[PDB]
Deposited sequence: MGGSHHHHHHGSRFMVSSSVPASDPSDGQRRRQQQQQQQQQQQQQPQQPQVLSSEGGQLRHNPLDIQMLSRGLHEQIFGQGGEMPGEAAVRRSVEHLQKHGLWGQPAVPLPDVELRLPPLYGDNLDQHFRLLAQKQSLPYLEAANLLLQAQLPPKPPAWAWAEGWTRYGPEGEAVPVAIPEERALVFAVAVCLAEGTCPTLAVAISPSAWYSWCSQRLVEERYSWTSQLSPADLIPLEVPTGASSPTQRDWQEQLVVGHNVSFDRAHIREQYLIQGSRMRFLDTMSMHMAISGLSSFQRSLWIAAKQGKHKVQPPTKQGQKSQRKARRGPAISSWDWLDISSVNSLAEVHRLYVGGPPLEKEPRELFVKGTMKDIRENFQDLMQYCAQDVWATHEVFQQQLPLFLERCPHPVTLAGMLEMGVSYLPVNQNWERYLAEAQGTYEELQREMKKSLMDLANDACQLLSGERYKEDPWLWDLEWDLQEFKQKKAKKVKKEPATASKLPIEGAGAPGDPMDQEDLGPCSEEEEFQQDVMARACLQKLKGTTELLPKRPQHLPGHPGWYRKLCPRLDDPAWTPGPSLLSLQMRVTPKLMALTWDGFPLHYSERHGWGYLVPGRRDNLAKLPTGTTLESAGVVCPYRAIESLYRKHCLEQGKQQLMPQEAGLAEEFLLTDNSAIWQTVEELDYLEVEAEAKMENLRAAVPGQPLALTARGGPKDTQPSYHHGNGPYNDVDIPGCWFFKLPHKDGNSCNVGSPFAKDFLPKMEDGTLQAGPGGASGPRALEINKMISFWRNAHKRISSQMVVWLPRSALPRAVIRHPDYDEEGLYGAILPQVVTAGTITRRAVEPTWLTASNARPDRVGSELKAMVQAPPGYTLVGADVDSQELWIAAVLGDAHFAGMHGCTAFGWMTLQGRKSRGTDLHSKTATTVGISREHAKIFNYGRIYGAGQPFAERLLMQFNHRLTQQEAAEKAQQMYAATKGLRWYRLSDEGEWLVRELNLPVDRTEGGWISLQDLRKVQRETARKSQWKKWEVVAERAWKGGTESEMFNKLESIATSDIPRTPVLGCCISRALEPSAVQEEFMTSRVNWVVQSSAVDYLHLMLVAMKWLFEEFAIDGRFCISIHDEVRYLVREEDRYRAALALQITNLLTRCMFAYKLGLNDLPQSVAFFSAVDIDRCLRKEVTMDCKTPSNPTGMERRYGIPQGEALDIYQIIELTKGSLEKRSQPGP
């Protein structure tokens, strides 16, 4: 039947899927390899265990171009990024007229001729350009000046708020207050700039919901990919120009009028600022024309370029509920903060002293109020006035070590540190997200949220003050940029016709948007970086303003559809090891355990690891992923101590050694030895390349210039860049699926292994099915590149796909927050969503993405 098994009794894909994907015929595994795999399985005593078959999946995938999987993905990526490559080469191989003598002083765009003449124009008409914007921080977030370059001639742009002077300006941003850098219908455009996200944020037409038909190329992303750092330089454009092109250093203008100045200063210093911006644009042009050939040579697989271009169209819609959110979050932020100030007053009274004197405003202060009205949770004196204990151990701060805790009885832990001499108590350190070599500047951080749910961090209105800190921890560290996200509100004419015709459409409502400032490749492993939205909780019942993701609410007629990949890095390592060892699935027994792990049944890799260690499922995920990247025993013991503190260091070393005894091996004799051997083989090869796409590592870590150093980072690059190739394949495949079947959706945001989309209400299960097919195709190509001619059924598709009107991990949580105690339905009329599995998605969509 459709069920099929390997000589190691693991169910593979269905016959239809395997025939359509890997074709027919192949090299049968050798008898010696089969015997070796069986012996390895019997060595760990995990052979012959029956497994209940998962139901078979039969679906007709979209046609795959070419005659092979790698050919298919190469063709897809070339088709996607050919026009932008052509525009890149056009900008690269072109002349450049000198700077015009005198800049124009008029509203709108102006074109400068070869002789310096100024001709007013509406919008630039160039395929490829370099862009720069000017922003005065004393007037608002509206852009001020813009100078553009092209193979033909320069361009300049002056803001209406710099030409005309008015007493007051509108407080709400509008499309009328931005930069017109779009040309409605060669086709498609390329914009090149250093951190081009900022220049994308100030474009009038970049906030539309219909479509972009434009991508942005960032010298930061290419610089990170080629010569990034964790023949190299930092991401600063001056350093980039010095490293790649060289010549005179770029002036710095110590005046810094835009950061610190007024509108009149700019009114008088027009020429200097225009000269500086034009210099920066020319420098970026030189840098790009020097960088493009290196990128094309070093990453010959077009998938990297296509994914990098596609990963710079992030878009966040916020409707009128966001406007209420800011007040309700701040109103709760104000009300709770004043509530907290009264709690410490009672605590202080039960506890004038010098510390209490500093908490009281001066008598002559006009804003004087009775008692401690200057208190806030951001102050460093709040924890001391509470006598907090770290699992029954009082806290203690050190200048040389940051925050820590004292264990009476002078126990082994994160320490002990002898620089602090507390009689009868040892001194340890509070855990930090960046390891024990960094210091905690404030206990009011996100990292200590797990430490309070398990009772590790306890108060002495004692628990209220720490709980409310947990409430306003999210809004404390992000309100400045969350409140200063630029919002552009479309008029009725600019909104899509589908939105107007929808029954939930509100005539008196407000529709807006946010453009995240995403660097498509902001890490040496080609990882995207965003300080706020890529690292943020989905929704929690005890955090103020934690509905930030839940505040990214689609307008009537649209919804947010997304999913999370199941054991992405785990399965990558599994297929690597299986391909290295014997050319069959489940040989290394790591693939065997992953394949037979079940989430509904409760016996999976993460669950088994958590049970063996004694930690949570998320802790197990973190531990497994850290091990796959390659980590020593000390890192594992530090992670275990972070996830459990009663454990002592002398016992932490023993537990880490016991954990590493089963895995790793001598590499031979371990559960996950063969994947390690494959990683060491490919990483140590001449000109290291990804096992799948063959995209080289950064020049700052190649073995020629590093020799036998930084091996851990080099190995970690293999896994992380394989995952990033998985992500780029996901992006290009999802874009191709949207374009081929004409699906009305848009890329909203991608968070590591989580990819989210802003889709219409009419087509949501179609986006779910396309995401499932993308995961299947990516895994099949990943397996084929390593030499394996089959794919398991159990890791073929997604576990669950979420359809919702808000961003949250589960479609069921009511997002009851201190600022939203009633719920999404009661406050903003937002119901609960749906989560679906592959069988349910197929049943709903009938296995088709058509209409």
item: Missing CA stretches, deposited numbering from 1, N-terminus first; value: 1-56, 242-250, 296-339, 461-558, 618-722, 773-776, 983-1038, 1224-1229
